[PDB]
Amino acid sequence: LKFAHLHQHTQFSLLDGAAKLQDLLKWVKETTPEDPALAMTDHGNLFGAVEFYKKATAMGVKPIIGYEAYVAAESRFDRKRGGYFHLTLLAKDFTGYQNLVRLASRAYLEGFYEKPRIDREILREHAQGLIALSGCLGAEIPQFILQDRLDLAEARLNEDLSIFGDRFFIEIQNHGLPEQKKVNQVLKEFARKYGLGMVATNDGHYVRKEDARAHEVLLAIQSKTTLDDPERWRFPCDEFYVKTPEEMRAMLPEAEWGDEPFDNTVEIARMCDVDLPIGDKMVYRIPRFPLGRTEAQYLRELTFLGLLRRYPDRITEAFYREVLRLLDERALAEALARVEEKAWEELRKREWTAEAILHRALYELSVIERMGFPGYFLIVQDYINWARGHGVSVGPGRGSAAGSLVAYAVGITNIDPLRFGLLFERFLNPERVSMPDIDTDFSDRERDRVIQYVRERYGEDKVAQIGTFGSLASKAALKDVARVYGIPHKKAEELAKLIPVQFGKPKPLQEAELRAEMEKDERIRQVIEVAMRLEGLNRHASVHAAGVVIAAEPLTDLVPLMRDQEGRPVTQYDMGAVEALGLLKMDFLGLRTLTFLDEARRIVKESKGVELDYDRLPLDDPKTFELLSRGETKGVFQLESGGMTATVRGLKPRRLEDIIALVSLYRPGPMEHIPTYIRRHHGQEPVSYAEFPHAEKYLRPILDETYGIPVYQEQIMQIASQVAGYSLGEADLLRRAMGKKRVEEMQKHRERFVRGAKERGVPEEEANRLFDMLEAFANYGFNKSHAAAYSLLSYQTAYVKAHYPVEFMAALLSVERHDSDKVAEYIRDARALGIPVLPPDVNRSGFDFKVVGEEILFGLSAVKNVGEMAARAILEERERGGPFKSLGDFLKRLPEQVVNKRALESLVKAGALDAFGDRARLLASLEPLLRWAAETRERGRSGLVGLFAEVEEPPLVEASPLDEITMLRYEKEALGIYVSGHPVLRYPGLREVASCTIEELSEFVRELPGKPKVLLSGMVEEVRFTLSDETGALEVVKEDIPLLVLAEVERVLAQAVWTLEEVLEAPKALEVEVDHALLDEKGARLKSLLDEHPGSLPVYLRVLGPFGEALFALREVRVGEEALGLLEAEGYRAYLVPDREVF
Ligand SMILES: [Cl-]
Ligand SMILES: [Cl-]
Ligand SMILES: [Mg+2]
Ligand SMILES: [Mg+2]
Ligand SMILES: [Zn+2]
Ligand SMILES: [Zn+2]
């Protein structure tokens, strides 16, 4: 007696599936050793399919790809408020597989209501190659039976028989349930009346019977409730696990069911022959590129045309003519492309020169062509060159891509690969047929447009973004489970901090030595075991920020699809699964820096007429490196970390190569090589190769650029290629083998190395130890192509900041204009840098942030209630008529139709109309002048010339000037942020008591005790209230009311609060403010001054130190108030501040 589960749910039924793919497959294997089979039938998706197939296939289990469809009562287009039912589907052959793929796709793309649903219509369309089973209690037929509508159930049975023929089976499952008794009894009748054959399943959701509770809390994590609710999501019993053929019999007795339901199980599983194109199989699906041009000829064409643009001084028309005579501009390239490979190798046998460039380009093209990848390159070059001609910024390159001269020639890549030491062989290894990966950075604003270009260009049914599936982190798993079990957040957080973090992410609960915490409480015994039972599980299905597939044939033929919440078409398979089916996968990355460099160029142009051509800038500009050397890395790509900033100031880089090496080495591990780099860079330590005297002739040319240190992987490859005589491609393989650290296969390369090492130069004593140096530095060796390409963006960023500091800042503002916190921050950066940031102004402002002379000026679009049509209207009216002469002139030129009263109000409050006088006066003047303006047109559209049609605008309706609080209040309402001032700076009473400023918090607190308490004072901005200084804001647990706050810091948690009037009531203390410049004979000058006026006010001292501002409260001395006047009667500044003690 055997049995094969055909209705089993995995971790891929994301809401209720608890069976991990691995331990499920071993449990099936350990139960049934003979011809084991398992069907993956997940709730309305095909996510697991590929990984399930490849895990089961390598375990000797026969996988069966299945689908528990949600089937709509009527049509999949229904958005009816019947519902939807279940249906078990299995693919018996590959056409079956494909049809599942289409159905699963269509369920999401056409039929998604609450769940992804399909039709009996579309089922009928895609029924070929499918076995169907009557389904669980939630399915149509059993459901009808429960409702006493036997007529509908038989009618539906007929409908399905008309669809699937003899591939329809009556599905019979039994848990203790009383509904199952009634359903199965009637199902049994149907099965015998139509001669249908019953198949036993039991709808698994966990692996073993013990997993029932683990699964029950899983549901409580989706249901987001306590273990005791009730009404919390629960299954009807604890039976939904992978049962032994014996346990199955206990539910389905022999003297009542017979052998048929069991025998049919094994028979179906046998007749389910589905194979995926993986590993042994796998075809490369390269999409076709339209072009009397070969795919290989045109890539050649574009390369020759490219070099001429790329190396103007050394690759010219004259040069090409010579090469052809050694056997229009475009006509020569077109000709050179045809030259065959038998012809080419008859010229070589007869510093980067013209001839050198040809050879490298010709070599790369040779390798590309032979491997069958010219089509791949064409596709990539096409969409990148589109994006350029279409106002979409493109990075100089990423990853190994920039190592190819071809890539660089045809504009895939934008850094000179042979100027820097970049290697083609690191990108494509000539000695291994493997598809290259070309990732590309775009402006993060425009990236989607590039994807859209591809979608249109290659076909809507052939292009989708790749899906991603977050794993459940060990820490997060513990917290989620602990919630459910009714455990207080805090003691749970202490349990989560026990788990080690070895590389960014926490360690599996499998390993995790303070486990004696389980021994104490039996509650936590479960929590910990349950959390490791739920560890491997999945969250939901996001889009990959970068993944894109261009398939050769319609996607739905091999890979199922989805559509995310923003309408993006998404793959149901992940990164790897897609790639393991041999599909062309690209990365289109959104990059901030690119988007920033665009606004910079735009603003620069408008500011001073300069056309910033980033790809034509000199790379040896002094003022750029001097700025990096000063450590002014504030907005500079790649090097903004606290530590990194310090390192750049230390290094004082002078050429781009310093940036490349600095970025490569600054990370845990190589970090240590930087001091050495610096002393050698400063010209205060010789660079010596004495340990390899015979290898020096090879080592110097490679490692000189980087002061003897092997920093780059490319540097190693070259060393091994020159010393050992290795092919540069083989040196690549070597670096892979250094990285794998294969037990003793490393000793094979050793002997091979020394062989070629002797044969070349080194006496082999050096060789063995030189290989020791390689294996040492190959652990932390960096990919130079990636480093170099990125470094260029850093430079470009810094260069702008060096030469155009104001526009730089205005671009930083522009780029993050929708973030009130960042905008506030950037303003305070600019203001404390010499650059004034001004409120908008109807006469000078452009639409966005603008630089006038040497100031940054807010745009009109920045004003809160003003539409976008209105902002442009104002500007366009100002361009056809002159600058606005007065408020009246403004109101008659722009009717209320366009700039409504609400809009006008904000515009005043912003300061956009400040050129017309007092604001309070302007606000009041509005409605009278609106009446006036409306009345002018009445006379105007009733004849009346110009004197008869205008009793020219009355004076400004008078009112008292606004106070600072109310004026600043209006600004914020109108601009989101305060410009020129902050409400808190009006009453410095709070400033003085505050133990800190918002900015200084992190810096001040870190070094103190464990989880300290602190007092902060600022403004309130929430109906989790937000507190704000003139220095920043904070989350802390109504508006325009100042508060002092006592709170705990780890995030900030409030414990006590006092109002402005409360603080100004608590007894006051004298605070003197002393500079660092104070004599010995003062600290007893000041000391005696206070000694002579006793009382009971504590004395505080603000000591503005060299780095930081200390707060020394005095000692014994207690002044008696009068001392303030007599103390300000000398070179000392003083204040009567509220006493810090009370709070
Ligand atoms: Cl060395
Ligand atoms: Cl060294
Ligand atoms: Mg049906
Ligand atoms: Mg990629
Ligand atoms: Zn389920
Ligand atoms: Zn099910």
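Each answer follows from the model by the rule given with it, or from the source it names; nothing here is a laboratory result. Cβ placement follows ideal geometry from the backbone for every residue including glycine, while neighbour counts extend to all protein chains displayed.
Take the conditions in contact with a strand residue (DSSP E or B) (Cβ under 7 Å, 6 or more places away or on another chain), among the charged types (D, E, K, R) and either part of a strand (DSSP E or B) or not assigned by CATH to the domain that holds residue 998 (or both) and apply them to residue 1116. Does it pass?
On the way: in contact with a strand residue (DSSP E or B) (Cβ under 7 Å, 6 or more places away or on another chain): no; among the charged types (D, E, K, R): yes; either part of a strand (DSSP E or B) or not assigned by CATH to the domain that holds residue 998 (or both): yes.
Taking the combined requirement at face value, the residue does not satisfy it.
Quick one: in the stretch 271-289, of everything that is within 30 Å of residue 130 (Cβ to Cβ) and hydrophobic (A, V, I, L, M, F, W, C), which residue is farthest from the chain's Cα centre (by Cα)? Give the derivation first.
First, pick out the residues of the stretch 271-289 that are within 30 Å of residue 130 (Cβ to Cβ): 271-285, 287.
Right, trim to hydrophobic (A, V, I, L, M, F, W, C) and you get 271-272, 274, 276, 278, 282-283.
On the way: 271: 45, 272: 41, 274: 37, 276: 32, 278: 30, 282: 31, 283: 31 Å.
My answer is 271.
Could you look through the stretch 37-69, keep only residues that are among the charged types (D, E, K, R) and either under 35 Å from the mean Cα position of the chain (by Cα) or part of a loop (DSSP other than H, G, I, E, B) (or both), and pick out the one that is surrounded by the most Cβ atoms within 10 Å (Cβ to Cβ)?
It comes out as 68.
Just a yes or no: is a residue in the stretch 459-475 over 23 Å from residue 13 (Cα atoms), away from ligand 3 (no atom under 16 Å from the Cβ) and part of a helix (DSSP H, G or I)?
Restricting attention to the stretch 459-475, the residues satisfying the condition of being over 23 Å from residue 13 (Cα atoms) are 459-463.
Filter once more, keeping what is away from ligand 3 (no atom under 16 Å from the Cβ): 459-463.
Now restrict to residues that are part of a helix (DSSP H, G or I): none.
The answer is no, given that none of the residues of the stretch 459-475 is over 23 Å from residue 13 (Cα atoms), away from ligand 3 (no atom under 16 Å from the Cβ) and part of a helix (DSSP H, G or I).
Restricting to the stretch 907-939, give me the number of residues that are crowded, with 20+ Cβ neighbours inside 10 Å and not in a helix (DSSP H, G or I).
Summing the residues that are crowded, with 20+ Cβ neighbours inside 10 Å and not in a helix (DSSP H, G or I) in the stretch 907-939 gives 3.
For a quick check of your reading: which helices (runs of 4 or more DSSP H) sit entirely within the stretch 293-350 and have at least 1 residues that are assigned by CATH to the domain that holds residue 378 and farther than 18 Å from residue 411 by Cα?
Working: elements: 295-310, 317-324, 329-338, 341-344.
Where helices (runs of 4 or more DSSP H) fall fully within the stretch 293-350 and carry at least 1 residues being assigned by CATH to the domain that holds residue 378 and farther than 18 Å from residue 411 by Cα, they are 317-324, 329-338, 341-344.
Please determine, by comparing only the residues of the stretch 1-36 that are of a type in the set (A, V, I, L, M) and part of a loop (DSSP other than H, G, I, E, B), which one is nearest to ligand 5 (Cβ to nearest atom). Even if it seems obvious, please write down each step before you answer.
As a first pass, look at the stretch 1-36 and keep what is of a type in the set (A, V, I, L, M): 1, 4, 6, 14-15, 18-19, 21, 24-25, 28.
Restricting the remaining residues to those that are part of a loop (DSSP other than H, G, I, E, B) gives 1, 4, 6, 14-15, 18-19.
Values: 1: 27, 4: 20, 6: 15, 14: 11, 15: 8, 18: 10, 19: 11 Å.
Within the stretch 1-36, the match that is nearest to ligand 5 (Cβ to nearest atom) is 15.
What helices (runs of 4 or more DSSP H) completely inside the stretch 95-179 contain at least 2 residues that are surrounded by 15 or more Cβ atoms within 10 Å (Cβ to Cβ) and either within 16 Å of ligand 5 (Cβ to nearest atom) or of a type in the set (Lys, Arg) (or both)? Give the steps one after another, and end with the answer.
Working: elements: 120-125, 140-146, 150-164.
Here the list reads 140-146.
Hey, among the residues in the stretch 393-452 that are part of a loop (DSSP other than H, G, I, E, B) and either in the same structural domain as residue 719 (by CATH) or in contact with a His (Cβ under 9 Å, 6 or more places away or on another chain) (or both), which one's farthest from ligand 4 (Cβ to nearest atom)?
First, the residues of the stretch 393-452 that are part of a loop (DSSP other than H, G, I, E, B): 393, 395-398, 404, 410-423, 428-438, 444-446.
Among the residues that remain, those that are also either in the same structural domain as residue 719 (by CATH) or in contact with a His (Cβ under 9 Å, 6 or more places away or on another chain) (or both) are: 397-398, 446.
Working: 397: 12, 398: 9, 446: 19 Å.
Step by step, filter the stretch 393-452, then rank; the result is 446.
Considering only residues that are closer than 30 Å to residue 848 by Cα and surrounded by 20 or more Cβ atoms within 10 Å (Cβ to Cβ), look in the stretch 564-594 and name the one that is nearest to ligand 5 (Cβ to nearest atom).
588
State which residue is nearest to residue 557 (Cα to Cα) when the search covers only the stretch 454-511 and only residues that are out of contact with any strand residue (DSSP E or B) (no Cβ under 6 Å at 6 or more places or on another chain) and of a type in the set (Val, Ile, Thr).
Checking each candidate, the answer is 481.
When you look at residue 691, is it assigned by CATH to the domain that holds residue 758, under 16 Å from residue 765 (Cα atoms), away from ligand 2 (no atom under 13 Å from the Cβ) and among the charged types (D, E, K, R), yes or no? Give the steps one after another, and end with the answer.
Values: assigned by CATH to the domain that holds residue 758: yes; under 16 Å from residue 765 (Cα atoms): yes; away from ligand 2 (no atom under 13 Å from the Cβ): no; among the charged types (D, E, K, R): yes.
Against the criterion (assigned by CATH to the domain that holds residue 758, under 16 Å from residue 765 (Cα atoms), away from ligand 2 (no atom under 13 Å from the Cβ) and among the charged types (D, E, K, R)), residue 691 does not qualify.
So, residue 791, is that one among the small types (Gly, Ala, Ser), touching a helix residue (DSSP H, G or I) at 6+ places or on another chain (Cβ under 9 Å) and part of a helix (DSSP H, G or I) or not?
Values: among the small types (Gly, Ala, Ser): yes; touching a helix residue (DSSP H, G or I) at 6+ places or on another chain (Cβ under 9 Å): yes; part of a helix (DSSP H, G or I): yes.
Yes.
Select from the stretch 1-23 the residues that are within 21 Å of residue 540 (Cα to Cα) and within 16 Å of ligand 6 (Cβ to nearest atom) and list them in ascending order. Let's see the steps before the verdict.
Step one: list which residues in the stretch 1-23 are within 21 Å of residue 540 (Cα to Cα), which gives 8-22.
Selection gives 8, 9, 10, 11, 12, 13, 14, 15, 16, 17, 18, 19.
So for the stretch 728-740 (the condition being more than 16 Å from ligand 4 (Cβ to nearest atom) and in a loop (DSSP other than H, G, I, E, B)), does at least one residue qualify? Steps first, please.
From the stretch 728-740, those more than 16 Å from ligand 4 (Cβ to nearest atom) are 728-740; that's our starting set.
Next cut, in a loop (DSSP other than H, G, I, E, B) only: none.
No: zero hits.
Do we find that residue 753 is of a type in the set (A, V, I, L, M, F, W, C), more than 16 Å from ligand 6 (Cβ to nearest atom) and in contact with a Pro (Cβ under 7 Å, 6 or more places away or on another chain) in this structure?
no
Would a scan of the stretch 728-748 turn up a residue that is closer than 17 Å to residue 762 by Cβ, assigned by CATH to the domain that holds residue 792 and either surrounded by fewer than 16 Cβ atoms within 10 Å (Cβ to Cβ) or within 40 Å of the chain's Cα centre (by Cα) (or both)? Break it down into steps so the answer makes sense when it comes.
Looking only at the stretch 728-748, we keep the residues that are closer than 17 Å to residue 762 by Cβ, and these are 731, 734.
Now narrow it down to the ones that are assigned by CATH to the domain that holds residue 792: 731, 734.
Filter once more, keeping what is either surrounded by fewer than 16 Cβ atoms within 10 Å (Cβ to Cβ) or within 40 Å of the chain's Cα centre (by Cα) (or both): 731, 734.
Within the stretch 728-748, one or more residues are closer than 17 Å to residue 762 by Cβ, assigned by CATH to the domain that holds residue 792 and either surrounded by fewer than 16 Cβ atoms within 10 Å (Cβ to Cβ) or within 40 Å of the chain's Cα centre (by Cα) (or both).
Yes/no per residue for (1) farther than 24 Å from residue 131 by Cβ; (2) part of a helix (DSSP H, G or I); (3) of a type in the set (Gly, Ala, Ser):
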position	(1), (2), (3)
186	no, yes, no
214	yes, yes, yes
226	yes, no, no
291	yes, no, no
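What are the residue pairs meeting all of these: first residue in the stretch 655-680, first residue surrounded by 13 or more Cβ atoms within 10 Å (Cβ to Cβ), second residue of a type in the set (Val, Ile, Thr) and in a helix (DSSP H, G or I), Cβ atoms under 7 Å, and 6 or more apart or on different chains?
These pairs meet every condition: 661/706; 662/647; 662/648; 665/674; 666/647; 666/674; 674/647.
Quick one: which residue in 696, 714 is of a type in the set (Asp, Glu), more than 12 Å from ligand 2 (Cβ to nearest atom), in contact with a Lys or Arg (Cβ under 8 Å, 6 or more places away or on another chain) and assigned by CATH to the domain that holds residue 638? I'd like the intermediate steps shown before the answer.
Numbers: 696 fails: in contact with a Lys or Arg (Cβ under 8 Å, 6 or more places away or on another chain).
So the residue among 696, 714 that is of a type in the set (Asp, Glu), more than 12 Å from ligand 2 (Cβ to nearest atom), in contact with a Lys or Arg (Cβ under 8 Å, 6 or more places away or on another chain) and assigned by CATH to the domain that holds residue 638 is 714.
Report yes if some residue within the stretch 686-698 is assigned to a loop (DSSP other than H, G, I, E, B), away from ligand 4 (no atom under 16 Å from the Cβ) and under 42 Å from the mean Cα position of the chain (by Cα); otherwise report no. Let's see the steps before the verdict.
Taking the stretch 686-698 and keeping what is assigned to a loop (DSSP other than H, G, I, E, B), we get 686-695.
Checking which are away from ligand 4 (no atom under 16 Å from the Cβ) leaves us with 686-695.
If we keep only those that are under 42 Å from the mean Cα position of the chain (by Cα) too, we end up with 687.
Yes - at least one qualifying residue is present in the stretch 686-698.
Give the stretch 333-359 a look and list any residue that's touching a helix residue (DSSP H, G or I) at 6+ places or on another chain (Cβ under 6 Å) and surrounded by 19 or more Cβ atoms within 10 Å (Cβ to Cβ), or say none.
333, 336, 337
Is it true that some residue in the stretch 35-42 is over 18 Å from residue 57 (Cα atoms), assigned by CATH to the domain that holds residue 92 and more than 16 Å from ligand 2 (Cβ to nearest atom)? Don't jump to the end; show me each part of the working.
Within the stretch 35-42, the first condition is being over 18 Å from residue 57 (Cα atoms), and the residues that meet it are 42.
Restricting the remaining residues to those that are assigned by CATH to the domain that holds residue 92 gives 42.
With the extra rule that they be more than 16 Å from ligand 2 (Cβ to nearest atom), the set shrinks to 42.
Yes, that holds for at least one residue.
Among 520, 605, 585, which is the only one that is in the same structural domain as residue 501 (by CATH), away from ligand 1 (no atom under 16 Å from the Cβ) and at negative phi? Step through it out loud before you land on a result.
Details: 605 fails: in the same structural domain as residue 501 (by CATH); 585 fails: in the same structural domain as residue 501 (by CATH).
None of the other options fit; the residue is 520.
Since residue 869 meets every condition but one in (1) exposed (fewer than 15 other Cβ atoms within 10 Å of the Cβ); (2) assigned to a loop (DSSP other than H, G, I, E, B); (3) not small (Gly, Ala, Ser), which condition does it not meet?
Among (1) exposed (fewer than 15 other Cβ atoms within 10 Å of the Cβ); (2) assigned to a loop (DSSP other than H, G, I, E, B); (3) not small (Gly, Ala, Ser), the lone unmet condition for residue 869 is (2).
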